[PDB]
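**Student:** The structure that follows is given in the form of structure tokens.
Note: ideal-geometry Cβ built from the backbone for every residue, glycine included; neighbour counts use all protein chains shown. Values quoted throughout were computed directly from the atomic coordinates according to the rules given, and no laboratory measurement underlies them.
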């Protein structure tokens, strides 16, 4: 209801180093199943199901090799350990028959593995996540207003700095009276893919995502 | 096609007049019709139906359509005021099926009409409902940081004015230069519980909406 | 009896605002500023 998602949301997002797309995936596999939350910003794999899919994947390709679910969860936990300082997944530019290809040369004979994927639900991107983003936006607006008020009072104190000041002035930096029209024009006209989003907000997102 | 999203994201973030809930829902008047678009990144409930399918569902599945679609288009077109001049939209949040009964009432006898939140279009939503995150980042999270840097150079000007004369005298203006790290730490430790301001979305209609339109302009 | 029953069960008026509409539409109670197109079809013998 809330325990699993509350615990998983505290876990930081893990961007996969594939250098071809943006991946915003959460991984926390310790107990109560495995939380392999794979999302490509358009379809999140709600892979919170029981051992059914893991068993079918492990048995439909391995008719003579078996590993216990404890070993599976330990390996899942150890999967992404040397990546948060490879387990890379490569997509293709082919039509809706999305077949992932893994052509790594490890023994001479190619290894075959199938990546099961279901239909992408178009009803998955309008419920929750922007509400904490709206909270962060409100916090940013409050910070902007506080900084603007600080600028204003510092400007007022600077107004005190010409009658008791008259220090070394380059004469190219005079402080004109504050005008809202010029402020808005300079904020609007002049100083107005996905990769910059993640590599600019991965650090900032953890700040307010808790409270 | 390439006109509904462009002609719909420009809708100012204006609260719909619901009796109980305070959801963020925007829809812009479009000559080709309307499509209520909501963006929150977890689960979509957006009304968008093909013309053909609603055509058959009106011809041989719905017998209550006693008003031509031209009347609906005329009512949509002749609505310049976004906010109600004083047609209250009531909701009954008793079950999962949020049936927002939009009572179509112009003047006098309330015409009987109701909505239904079916599945949205996959292509358009999947292609254009992920942009707002990057649009917010690239524009707002750069403009705000540049405002902070402008404050930083103003502080630098204050401090090297101070170091080059004009020593501050009175204690009223005796204030330390601003630090982002110290401000964040003091916000987290002291004023975070008291700065939680959500309520009914007071800045949502006065500062968030216009700045968001500035963000969503590109 | 059927007409009274359908009048009661179709328009569904319980403490409504139809008295004023009856007075203005039927008795021309509105002021002489808005014209009401209460045209009776002489050729069709139908009053809508």
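**Student:** Only counting other Cβ atoms within 10 Å, I'd like A:45, A:13, A:113 sorted with the fewest neighbours first.
**Tutor:** Numbers: A:45 14, A:13 18, A:113 10.
Listed from fewest to most nearby Cβ atoms, that is A:113, A:45, A:13.
**Student:** Still on this structure: Exposure proxy check: A:160, B:77, B:96 ranked by fewest other beta carbons within 10 Å? Before the final figure, lay out each step's value.
**Tutor:** Working: A:160 14, B:77 11, B:96 5.
Final ranking by Cβ density, sparse to dense: B:96, B:77, A:160.
**Student:** Counting partner chain Cβ atoms within 10 Å of every residue's Cβ in B:206-214, what's the average? Write out the running numbers ahead of the final one.
**Tutor:** Values: counts 0, 6, 4, 0, 0, 4, 2, 0, 3.
For peptide B:206-214, the averaged partner shielding equals 2.
**Student:** Ignoring everything except DSSP H segments at least 4 long, calculate the 222 nm mean residue ellipticity for chain B; use -39,500 (n - 2.57) per segment, divide by total residues, nearest 500.
**Tutor:** Working: 8 runs with 72 residues, N = 218.
Result for chain B: -9500 deg cm²/dmol, rounded to the nearest 500.
**Student:** Taking only the alpha carbons of the stretch B:1-52, what extent do you get along each of the three principal axes, in Å, biggest first?
**Tutor:** Here the spans come out as 34, 22, 20 Å, largest first.
**Student:** Right, another one. Could you list the square roots of 5 times each eigenvalue of the Cα gyration tensor of the stretch A:9-121, that is, the equivalent ellipsoid semi-axes, sorted largest first and rounded to whole Å? Write down the numbers at each step before the final one.
**Tutor:** Values: eigenvalues 87, 83, 51 Å².
The three semi-axes for the stretch A:9-121 are 21, 20, 16 Å.
**Student:** Does chain C classify as rounded, prolate or oblate by the C-alpha gyration tensor (a ≥ b ≥ c root eigenvalues; a/c under 1.5 gives rounded; else a/b over b/c gives prolate, otherwise oblate)? Before the final figure, lay out the partial values.
**Tutor:** Working: a/c = 3.65, a/b = 1.25, b/c = 2.92.
Oblate, because a/c is 1.5 or more while a/b does not exceed b/c.
**Student:** Let me confirm one metric for peptide B:160-168, namely the mean number of other chain beta-carbon atoms within 10 Å of its residues' beta-carbons. All intermediate terms of the calculation are to be shown ahead of the outcome.
**Tutor:** Values: counts 2, 6, 3, 1, 4, 6, 10, 3, 4.
For this peptide, the per-residue mean of nearby foreign Cβ atoms is 4.
**Student:** Arranged by the count of other C-beta atoms within 10 angstrom, fewest first, what order do A:80, A:100, B:211 take? Could the numbers behind the result be given before it?
**Tutor:** On the way: A:80 16, A:100 12, B:211 20.
By the 10 Å Cβ count, ascending: A:100, A:80, B:211.
**Student:** While we're here: Mind checking the alpha-carbon convex hull of the stretch B:89-153 and giving the volume per residue in Å³? List each step's numbers first, then the result.
**Tutor:** Working: hull volume 13.2 nm³, N = 65.
Value for the stretch B:89-153: 203 Å³ per residue.
**Student:** For the stretch A:121-211, what log10 I(q)/I(0) values come out of the Debye formula at q = 0.10, 0.11, 0.12 1/Å, with one point per alpha carbon and no solvent?
**Tutor:** -0.51, -0.59, -0.67
**Student:** Counting only other chains, and only Cβ atoms inside 10 Å, what mean value do you get across the residues of A:195-205? Present the calculation step by step, with values, prior to reporting the outcome.
**Tutor:** Values: counts 1, 5, 8, 3, 1, 6, 5, 0, 0, 2, 0.
Counting Cβ atoms of other protein chains within 10 Å of each residue's Cβ and averaging gives 3.
**Student:** Starting from one equal scatterer on each C-alpha and no solvent at all, send me the Debye-based log10 I(q)/I(0) for chain B at q = 0.18 Å⁻¹, two decimals.
**Tutor:** Per q value, in the given order, log10 I(q)/I(0) is -1.58.
**Student:** What do you get for Rg/Rh of the stretch B:24-86 when both radii come from the Cα atoms and Rh is the Kirkwood radius?
**Tutor:** Values: Rg = 14.4 Å, Rh = 14.1 Å.
Rounded to two decimals, Rg/Rh equals 1.02.
**Student:** Sticking with this structure for a sec: Using the alpha-carbon centroid of each, what span in Å lies between the stretch A:56-95 and the stretch B:54-101?
**Tutor:** One Cα centre to the other: 50 Å.
**Student:** Between the alpha-carbon centers of the stretch A:1-51 and the stretch A:141-172, tell me the distance in whole angstrom.
**Tutor:** 48 Å
**Student:** Compare the peptides A:18-28, B:186-196, C:32-42 by average per-residue count of other Cβ atoms within 10 angstrom and give them in order, highest first.
**Tutor:** On the way: A:18-28: 16.4, B:186-196: 11.2, C:32-42: 7.5.
The densest-packed peptide leads the list: A:18-28, B:186-196, C:32-42.
**Student:** Give the shape of the protein assembly as shown as rounded, prolate or oblate, defined through the alpha-carbon gyration tensor: a ≥ b ≥ c are the square roots of its eigenvalues, a/c under 1.5 means rounded, and otherwise the shape is prolate if a/b is larger than b/c and oblate if not. Mind dumping the intermediate values first?
**Tutor:** Working: a/c = 2.52, a/b = 1.18, b/c = 2.13.
It is oblate, given that a/c is not under 1.5 and a/b is not larger than b/c.
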